[PDB]
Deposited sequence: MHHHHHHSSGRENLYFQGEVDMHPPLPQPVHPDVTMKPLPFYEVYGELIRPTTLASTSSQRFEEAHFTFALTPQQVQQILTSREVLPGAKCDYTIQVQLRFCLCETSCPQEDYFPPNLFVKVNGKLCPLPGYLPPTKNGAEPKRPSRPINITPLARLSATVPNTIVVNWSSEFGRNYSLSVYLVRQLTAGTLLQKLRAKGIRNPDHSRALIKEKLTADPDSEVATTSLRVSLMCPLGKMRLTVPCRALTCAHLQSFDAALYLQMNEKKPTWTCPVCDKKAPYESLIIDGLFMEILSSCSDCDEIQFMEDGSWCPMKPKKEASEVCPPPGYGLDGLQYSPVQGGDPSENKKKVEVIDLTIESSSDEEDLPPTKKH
């Protein structure tokens, strides 16, 4: 079977349409229970939503959102708006077009051109950046020795090299927000030592979810994020300072 990869800002409450294989046309139907209708209507933009998701019809791993080509969706006979322009594949909030009643069915008509694709619908709670931050801080702090070993590595001179890096420089300020770091974080896959502010980075992806490193522009998914232990200890010792300089001998001082 096909499963979707969980979204960091969405907690699945129920599955309304299980992942189902898709100028082609396919018709879908689903119903909400009175309890599910009550959850939506009392969630104030609603915080409990109906989420439509598309992906590749692949089984080896949980799938990320992937729109089929020439996608055009109709929810309850009404044209469903998609992300602007190539078009980025993302979950679709169909709550504004949903029939928020237990007494009537909801209809989805999908048009695309032919690889196989899959469609699924979920009842979700949209989480805040604050909640996602607390979930991140709950995974703990990365060993400060992991950064110390990375610093040592980068300052280890290549023997068949003329120009050798004798010292590294990092900032204690966020490269995105310009204020001093509170939660210094980075993706595990990033090669650089420069961290960015975790709270600010989640505040940004709450609105527009690009999950892109503000330092190197590589992918920085939520599930790859760590809190640098070394920068956590420095942020506690250091005071009137912007940039730190690291030596080979392990020492550090202002830059």
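What the model leaves out of the deposited chain are the segments 1 to 32, 55 to 61, 84 to 91, 133 to 142, 172 to 174, 316 to 374.
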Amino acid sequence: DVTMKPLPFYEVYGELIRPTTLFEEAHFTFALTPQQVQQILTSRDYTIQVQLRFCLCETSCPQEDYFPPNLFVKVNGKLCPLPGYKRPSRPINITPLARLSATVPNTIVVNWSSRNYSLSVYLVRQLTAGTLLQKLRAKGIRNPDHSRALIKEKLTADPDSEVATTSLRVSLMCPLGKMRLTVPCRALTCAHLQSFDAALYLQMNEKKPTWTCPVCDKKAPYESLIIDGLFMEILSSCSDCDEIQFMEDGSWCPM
From here on, numbers count along this sequence of modelled residues.
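Higher average CA B factor: 88 to 96, of the stretches 88 to 96 and 134 to 142. As recorded in the PDB entry, 24 to 32 is the stretch of 195 to 203 and 24 to 32 with the greater mean C-alpha temperature factor.
The PDB entry gives the largest Cα B-factor of the residues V170, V183, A149, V163 to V163. Taking the PDB entry at face value, the top CA B factor among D228, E223, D65, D45 belongs to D45. When the CA B factors of the chain's modelled residues are split into thirds, the value for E15 lands in the middle one.
The entry lists a Cα temperature factor for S60 that places it in the highest third of the chain's modelled residues. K78 sits in the highest third of its chain by CA B factor, as recorded in the PDB entry. Among the modelled residues of the chain, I40 sits in the middle third by CA temperature factor in this PDB entry. Per the deposited record, the Cα B-factor of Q49 falls in the lowest third when ranked against the other modelled residues of its chain.
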